[PDB]
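Residue numbers (the deposited numbering), protein chains in the order written: chain B, 28 to 451; chain C, 28 to 451; chain A, 28 to 451. Note that the Cβ used here is the ideal one computed from N, Cα and C, for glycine as well. As structure tokens, the structure follows; a few thoughts come after it.
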Amino acid sequence: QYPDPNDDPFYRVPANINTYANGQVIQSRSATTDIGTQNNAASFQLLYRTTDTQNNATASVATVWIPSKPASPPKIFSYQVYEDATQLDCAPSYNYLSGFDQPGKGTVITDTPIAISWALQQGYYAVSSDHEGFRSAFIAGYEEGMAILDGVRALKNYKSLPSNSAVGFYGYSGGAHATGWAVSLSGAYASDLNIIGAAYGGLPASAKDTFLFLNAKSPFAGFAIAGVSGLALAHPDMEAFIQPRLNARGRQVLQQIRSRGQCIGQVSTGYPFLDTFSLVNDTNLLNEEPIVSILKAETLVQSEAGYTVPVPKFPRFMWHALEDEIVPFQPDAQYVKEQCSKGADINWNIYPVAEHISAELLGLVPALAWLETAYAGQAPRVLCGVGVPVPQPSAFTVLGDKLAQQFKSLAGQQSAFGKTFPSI
Amino acid sequence: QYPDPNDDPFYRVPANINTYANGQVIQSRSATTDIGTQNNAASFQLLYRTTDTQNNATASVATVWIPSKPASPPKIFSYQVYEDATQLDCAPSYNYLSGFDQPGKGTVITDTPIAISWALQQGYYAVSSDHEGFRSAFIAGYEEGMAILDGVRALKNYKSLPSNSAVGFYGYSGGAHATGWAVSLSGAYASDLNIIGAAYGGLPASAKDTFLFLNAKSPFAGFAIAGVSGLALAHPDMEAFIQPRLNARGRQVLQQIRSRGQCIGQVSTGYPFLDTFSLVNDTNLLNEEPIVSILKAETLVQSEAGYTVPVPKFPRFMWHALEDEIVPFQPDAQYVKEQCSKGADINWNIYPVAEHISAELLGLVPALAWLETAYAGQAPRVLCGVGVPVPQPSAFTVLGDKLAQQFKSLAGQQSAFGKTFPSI
Amino acid sequence: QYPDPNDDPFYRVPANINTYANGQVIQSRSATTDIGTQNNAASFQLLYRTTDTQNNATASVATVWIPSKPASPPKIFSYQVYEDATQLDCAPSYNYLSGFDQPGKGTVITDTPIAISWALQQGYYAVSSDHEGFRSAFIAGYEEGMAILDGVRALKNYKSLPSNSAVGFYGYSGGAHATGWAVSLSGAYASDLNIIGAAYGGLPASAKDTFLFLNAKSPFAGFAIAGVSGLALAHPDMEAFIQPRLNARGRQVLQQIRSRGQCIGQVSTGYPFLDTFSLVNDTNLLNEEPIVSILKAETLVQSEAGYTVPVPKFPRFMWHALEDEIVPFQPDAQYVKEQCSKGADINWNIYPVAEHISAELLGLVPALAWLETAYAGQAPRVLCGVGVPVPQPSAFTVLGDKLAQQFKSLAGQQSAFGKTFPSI
Ligand SMILES: *[C@@H]1O[C@H](CO)[C@@H](O)[C@H](O)[C@H]1NC(C)=O
Ligand SMILES: *[C@@H]1O[C@H](CO)[C@@H](O)[C@H](O)[C@H]1NC(C)=O
Ligand SMILES: *[C@@H]1O[C@H](CO)[C@@H](O)[C@H](O)[C@H]1NC(C)=O
């Protein structure tokens, strides 16, 4: 329907970009999508204003879906696609369009149409932002987190949705990492968003870990470079550090991984068992500045982080393949523990017999079930941080109100042992 | 009531065996059994036609119990007893008979009469086949699997039961191994059977493994030799391989373990910590032909097998002692894991504080409770291959029909990562 | 409100102590407590007659709270405070009193009041016995077990509550340990008490283990000596043994750890990383008599004990911080396994992300929720000794009553494998 976004003027940041607020509509246009056609629910591409990794004011695009029989009070579903590619013609918005001549068409057609159809048939509003942006940086959380949040803001703006509108999130693999940074940032960057829940599995919580896991050792080592690419695309001084150190073979590989039509299918398989350190003159590159610091800002694991990782309280549903061969299980589990230790509300599901592929479907029907409850404000009180759902009773049920509030007010104070009571 | 089955003309393969179809009754006779008298349900021994480990046409017996007020629509319960002996006078049919002078009386008096009584009082048709056969081969799955399935067939024939009559399976320990092979073969050999569910714990999934565990290192080392015996009784080339390699001391042990009245009680207790390798010449005899091939054909663990292990879809309930001292937990754990990844429906229960005797009873009461759901077609949708039941919701619930069928067609296809969506 | 109990005449054992029965009230007096004022429930201090660690007849004090709208039929709640001190001015009764001039005020103000308040508003009679006694022995189970049980008797006596009155227990940490010995002893010492359930987490089942765990390697090393002190106060020959071996520094630590106002707060933080062995000449002395014999009686765990550890059958709810840094997790786990293997009824809940302080709160509201069920005689049938609740069905309903009695009959007898059916 539309061109390759490299040539579309829609995929350009206006000069007055700073006059736009964060999450504000710059301009709109109708879009015929497979997903909209199947649900009889109009879809539009929205050019909106967001922020980037250096707080320069930029823009991105997000496709939206308006259900023909909408739910009351309004509810919003935000699916985060796993682009997992460093090219603008692999962006969600373009590949959603009804049509067969877009390269990264595969990322939006496997499980995605079901979720988004689910949301729309539930009467919910659907939004999916090119969380990677015009930059198309991949695995950079700060750009992804703001872009997705503002994408929801933009959805509320475009349709004049109430400011208390309930907002739910889904996301697998890179879409999780998107969903998971949208939630870390959700506190500061978009406290106007009433986030009733965030369902996401296969989270690559720490970058450096996901790199070392795939680097030199998996047929998906292509993601190692696609990751480096996207971070250097979002951290310009890293680009400045990498470029003069790239060797002959290195320059071809980076140029290829950034070219047109180099989407998730090509990235996955195109560079199997490739050691990204071989592409570079220096293998000590991770320990060197600015790369070492950029990694430690681009992780959700607190024991690694160079910053204070926020701990969102709203309902979260999370899963992961124990046996994950692409996205490591150790960091995701670690993040869940750390967030639970500081009072998160994480329904944690571990799949013993699982593959990164197998878990994508395993987690879909539980998560979608879970989200419908969280829109009704009735996601199950379960034990945080257990591989399995464990249904704990309610304080305002068991104790009654005064005791419940007296019980809850213990958090922060000290037990008889000197150590301080945590959030419980 | 009857003579020793070795002397009984009933326990004989007729000469016209090939005129009979698989699961056709050759002749019947009254059996006055304790289980029948207890439940007010007439019982008969059915000599019926089956097939064996060399596809030559044979026979076996199965006792059946006809309830006084049978359930509608007809449902059939098939208990697999743990004979765990290589002797015809330890065969179930005989010891089921009212009387105290048969040697293998113990297997059908502990927990077994409760199981069959449950089914009969449920109004179900009850049958238990001498899964070991006239050969009384022990640990040979193929003879046991066919013998049981034909028992169900023959039970349907004897009573003119609808051909879609609902069929459930129970078995612990050697009865599990009986029941666990009846299910593998059920696909090819007995797709005529409406298999509504199969509850079985303490499975000796791998022959070789269950052997290695008991051999020379357990007070129940008798099951190691009783195993060797049972495979050689069903595999004549294994027989021919062992016979000249046995030493005098070995011949004594094999003659004894095969003698009259050497049933499960005498076998378990008769040979403590006995090293089967001393009894026969050549210590590498397991690695040598034809035994090595028979082992890798007589295992359900796909990583060992020399064949493609079937993965039945119908509802399954399975348990096991984590702390099991007779049947190793590792192979059964392995088998269950594997079948789930290829789309099995296995409700998995692991017992943390458990003993083989203790787990026999622990799992008995849930499994029967579970089967009654499975007879109503309502076995719990739970997460397959997880140690504890986790009720995951339904697709035709979460998605609705069109989204459900669209979701279901994902299995088999490719994700964006190249690898294939499994059965999920 | 009242003086330091060392100076109070109420805190004295009368000379005719032997005229009193076990659990008979010596005399009472009103107590104006913070908890009493808040719930509108009159409170009294009860001096009552109990037994001690050498079967010589003694006395202790226990506070009670009588609800203004009592539940019918009478029900009793027995909260066990985690005194964790070898000093009488740290006793529960005194610190309960409205007031701020008691040193060990903290143990009765955090989670303790919410537990009791729950109880009173539910209509239960509340009691909390100074389980350590006038001796204030800490970690000495036999004095704690008898003191708490008689505290319950004394309360039945004081108000003339019927002899089949339902009696429930709560206790975490040192209060659990007390709660845990009162349950072992419940059988012998108090078959008159109708104990409907006992919820307790973080149990230091082994004295010797909890000693080693904290000793010299944890900031709570004060509990090592506070434990040691508490035993030597209740085992006079241990006192006689340690006293001449104390070196200069040792006598200072022991006099101090016992002096006034050295309560749980003072012990907890006051002696971090202190080696008990450094204080007393003879590192081998813990291995030497009579401490080694005292420790074997002291450990609840059987694999350690020098006696037959009782396995009470009534419902128990138990938790424990897996990552517990104060009360080691393994001895509670070991204890639980053993009790379950011998037919106990322990509902076991393990906390994955946990610290001693956090598990205190995690488990409190589930336990109170649970106890409310057990007072209704309907604590959940779940799988014993498993980290998570697995709802096991009723044998009677599944098998049927006649079959269930036969299944009950099977326990104690022999299985077909020779070993004996356990209690299941
Ligand atoms: C090559 O690597 C060294 C360290 O191994 C690094 O200091 C240097 O800048 C690199 N040279 C370039 C620019 O290729
Ligand atoms: C004894 O075993 C050896 C191999 O170790 C074999 O060659 C020989 O034939 C055996 N003796 C028999 C089968 O009588
Ligand atoms: C030292 O230890 C010994 C043996 O344990 C004991 O007899 C003695 O009283 C202790 N006191 C000193 C300092 O001699």
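If you count every other CB in all the chains shown that lies within 10 Å of the CB of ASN45/B, and 16 or more means buried, which is it?
exposed
Nearest-angstrom Cα distance between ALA422/C and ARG408/C?
10 Å
Closer than 6 Å to ligand 2: residues, by C-beta to nearest heavy atom, in chain order
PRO271/C, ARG272/C, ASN308/C, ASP309/C
So does residue 5/B have its beta carbon nearer than 7 Å to some heavy atom of ligand 1?
Examination of residue 5/B is not possible in this model, given that chain B is present from 28 through 451 alone.
With distances taken between CB atoms, is the gap from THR206/C to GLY198/C smaller than 8 Å?
yes
Under 8 Å between the Cβ atoms of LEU147/C and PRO101/C?
no
Where DSSP assigns a beta bridge to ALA84/A, which residues make up the other side?
Note: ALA84/A sits in a beta bridge opposite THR78/A.
At a Cβ threshold of 8 Å, is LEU188/A touching chain B?
no
Excluding five sequence neighbours on each side, which residues of the same chain lie with their C-beta closer than 7 Å to the C-beta of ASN67/A?
Close CB contacts of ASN67/A within its chain, under the 7 Å cut and outside five residues either way in sequence, are with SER95 (chain order).
Would you decide whether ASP428/A is buried or exposed? Buried here means 16 or more other CB atoms lie within 10 Å of its CB.
exposed
Determine which residues share a DSSP beta bridge with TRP375/A and list them.
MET345/A
8 Å Cβ cutoff, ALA422/A in contact with chain C:
Yes, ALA422/A lies at the interface with chain C (some Cβ there is under 8 Å from its Cβ).
Identify the continuous alpha helix (DSSP H) that holds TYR38/C and give its terminal residues.
Careful: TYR38/C lies outside any alpha helix (DSSP H) and carries neither H nor E.
Could you check the C-alpha separation between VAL336/C and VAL328/C for me, to the nearest Å?
8 Å
Whose CA, out of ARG56/B, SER120/B, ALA251/B, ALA86/B, lies closest to the CA of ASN43/B?
It is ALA86/B whose Cα lies nearest to the Cα of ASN43/B.
Nearest residue (CA-CA) to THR77/C, options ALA396/C, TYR47/C, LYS186/C
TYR47/C
Rounded to a whole number of angstroms, what is the C-alpha to C-alpha distance between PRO420/C and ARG343/C?
18 Å
Taking a Cβ distance cut-off of 9 Å, strictly less, list which residues of the segment 434-448 of chain C are near chain B, in chain order.
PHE434, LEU437, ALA438, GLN440, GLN441, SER442, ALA443, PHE444, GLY445, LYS446, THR447, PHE448
When you compare the CB positions of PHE247/B and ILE384/B, do they come within less than 8 Å of one another, or not?
Cβ distance not < 8 Å, so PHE247/B and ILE384/B don't count as in contact.
Would you check if the segment 288-308 of chain A and the segment 126-139 of chain A touch, i.e. whether three or more CB-CB distances between them fall below 8 Å?
yes
Can you grab the Cα-Cα spacing for the pair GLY201/C / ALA174/C, in whole Å?
14 Å
Whose C-beta lies closer than 6 Å to the C-beta of residue 471/B among residues of the same chain, with five residues either side of it excluded?
The requested residue 471/B does not occur in the structure, where chain B is confined to residues 28 to 451.
Could you check if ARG39/C is buried or exposed, using at least 16 other CB atoms within 10 Å of its CB as the buried criterion?
exposed
Cut-off 6 Å between Cβ atoms - residues of its own chain near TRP208/C, not counting five sequence neighbours on either side:
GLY168, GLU171, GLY172
Are the CB atoms of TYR29/A and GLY50/A within a distance shorter than 8 Å?
no
Taking just the CA atoms, how far does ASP111/A sit from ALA251/A?
11 Å
The alpha helix (DSSP H) with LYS429/A in it runs from where to where?
428-437
Where does the unbroken alpha helix (DSSP H) through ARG278/A begin, and where does it stop?
275-285
What span of residues does the alpha helix (DSSP H) with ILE53/B cover, start to end?
Per DSSP, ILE53/B belongs to no alpha helix (DSSP H); it is in the beta strand (DSSP E), 51-58.
Any chain C beta carbon closer than 8 Å to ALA396/B
yes
State the DSSP-derived secondary structure class of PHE165/A, mapped to helix, strand or coil.
If DSSP states are grouped into helix, strand and coil, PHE165/A belongs with coil.
Give me the residue from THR303/B, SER125/B, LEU212/B with the minimum Cα distance to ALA324/B.
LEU212/B
Going along the segment 383-407 of chain C in order, which residues come within less than 7 Å of chain A, judged by CB to CB distance?
Flagged, chain order: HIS383, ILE384, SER385, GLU387, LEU388, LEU389, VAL392, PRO393, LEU395, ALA396.
Check whether the Cβ atoms of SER442/C and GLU387/B lie closer than 8 Å to each other.
Between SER442/C and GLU387/B, the C-beta spacing is below 8 Å.
Determine, using beta carbons only, whether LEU430/B comes closer than 8 Å to chain A.
yes
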